[PDB]
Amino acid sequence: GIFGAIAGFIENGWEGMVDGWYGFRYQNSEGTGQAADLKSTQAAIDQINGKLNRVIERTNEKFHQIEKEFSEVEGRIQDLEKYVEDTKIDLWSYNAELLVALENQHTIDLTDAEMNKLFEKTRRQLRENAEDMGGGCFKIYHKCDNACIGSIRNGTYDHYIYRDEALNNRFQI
């Protein structure tokens, strides 16, 4: 991926996240927890569904055409009737080879993108109350129960509430 999040600074995928594509795992004073992010999941799916709808069931209607298999040997114009059809098939075969290559390179880059978007979004909410440990993990420097974590997932986390407590833990020792 072009952002190096998926198969990058995040070491691997969570097989046990079965209700979403992207999400959170947390440890705090109440236990451990996991939750899918429905928003970043839905973004990726919609884009992929868009790709599908422009490729799938967009078929042409075609009726009488030219002949393409022949009993007798005829020479000049049968040469042309075969050359035309051969030229067409080779061209459509190129188009399909390229389309798939392009669409797949893109599908990978946009999925990598949504992962990085979620990260940066979360980093912005946490502000001075957390540091980036690597592996896609934040160290949060204050007591943050499941409600606190829920507010981060909701995007209503008020950093001023904990800022004093958090800056004290970061610049200790």
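Counting begins at 1, following the sequence as shown.
For the segment pair 66-74 and 109-117, the entry gives 66-74 the higher mean B-factor, averaged over Cα atoms.
Comparing 164-172 with 2-10, the higher mean C-alpha B-factor in the PDB entry belongs to 164-172. Sort the modelled residues of the chain by CA B factor and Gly135 lands in the middle third. When the modelled residues of the chain are ordered by C-alpha B-factor, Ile45 sits in the lowest third.
In this PDB entry, the Cα temperature factor of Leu126 sits in the middle third of its chain's modelled residues. Annotation for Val55: CA B-factor lies in the highest third of the chain's modelled residues. In the PDB entry, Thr32 places in the highest third of its chain by CA B-factor.
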